[PDB]
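Chemist: before the rest arrives, take these chain(s) from the complex:
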Amino acid sequence: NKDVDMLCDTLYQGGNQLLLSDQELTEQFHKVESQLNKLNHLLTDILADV
């Protein structure tokens, strides 16, 4: 029962939804993607101006 308990606690990590991916690594991927999208928007604006 203890084995089941900390296995569930380790896999859930405080979220009701399962967390297969590393959560802070996942939001790191998300912020990298968002900042890359902002840089791409600036770059495409510069491409349109050029």
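Modeler: Great, that's in hand. Numbering: from 1, shown residues only, chains lettered A, B, ... in the order given.

Chemist: drop to CA atoms for contacts and neighbour counts, all remaining ones
Modeler: Will do.

Chemist: quickly find the element holding residue A:3.
Modeler: Counting by DSSP states H and E, the element that carries residue A:3 is helix A:2-12.

Chemist: so what's the gap between the helix or strand following that helix and the chain middle?
Modeler: Downstream of helix A:2-12, the next assigned helix or strand under DSSP H and E is helix A:23-49. Relative to the chain's own centre, helix A:23-49 is displaced by 14 Å; criterion: Cα atoms, centre = their mean, to the nearest Å.

Chemist: same question for stretch A:22-33.
Modeler: Distance of stretch A:22-33 from its chain centroid, counting by Cα atoms, centre = their mean, is 3 Å.

Chemist: still on that earlier bit, for the helix holding residue A:3, name the packing helices and strands.
Modeler: Helix A:2-12 sits against no helix or strand, with contacts defined as 3 or more Cα pairs under 8 Å, 6 or more residues apart in numbering; DSSP states H and E.

Chemist: any idea how far it is from the chain center?
Modeler: Computed by Cα atoms, centre = their mean, the chain-centroid distance of helix A:2-12 equals 23 Å.

Chemist: so what touches it?
Modeler: By Cα atoms under 8 Å, 6 or more residues apart in numbering, the residues outside helix A:2-12 that reach it are A:18, A:19, A:20.

Chemist: put this one in as chain B:
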Amino acid sequence: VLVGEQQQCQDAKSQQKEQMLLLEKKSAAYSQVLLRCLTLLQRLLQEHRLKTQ
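Modeler: Below is chain B, added to the chains above:
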């Protein structure tokens, strides 16, 4: 009165065996449920999170 006393005395001793078997079999059923949970949790950790993810 004493026949009733003896019958009610022996009733609990004859009774206790089936609750002993009941708790034993539910105790084993708990072990089966825990084994299934252990298998599912090791599938969730190793297969779904540790290696693939």
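
Chemist: again for what packs on helix A:2-12, chain B present now?
Modeler: Applying 3 or more Cα pairs under 8 Å, 6 or more residues apart in numbering or on different chains; DSSP states H and E, one finds that helix A:2-12 makes contact with helix B:2-42.

Chemist: rewinding a little: can I get the helix holding residue A:3 as PDB, trimmed to CA atoms?
Modeler: Extracted C-alpha coordinates of helix A:2-12, given in PDB (Å, rounded to 0.1, in the frame of the first residue of the first chain):
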ATOM      1  CA  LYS A   2       2.900   2.400   0.800                       C
ATOM      2  CA  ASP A   3       4.500   1.400  -2.500                       C
ATOM      3  CA  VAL A   4       1.300   2.200  -4.400                       C
ATOM      4  CA  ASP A   5       1.000   5.500  -2.400                       C
ATOM      5  CA  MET A   6       4.300   7.000  -3.200                       C
ATOM      6  CA  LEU A   7       4.200   5.700  -6.800                       C
ATOM      7  CA  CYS A   8       0.900   7.600  -7.300                       C
ATOM      8  CA  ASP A   9       2.400  10.600  -5.500                       C
ATOM      9  CA  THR A  10       5.500  10.600  -7.700                       C
ATOM     10  CA  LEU A  11       3.600  10.200 -11.000                       C
ATOM     11  CA  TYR A  12       0.900  12.700 -10.200                       C
END
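
Chemist: tell me which residues of it are tucked away?
Modeler: Within helix A:2-12, the residues that count as buried by 16 or more other Cα atoms under 10 Å in any protein chain shown are A:4, A:7, A:8, A:11.
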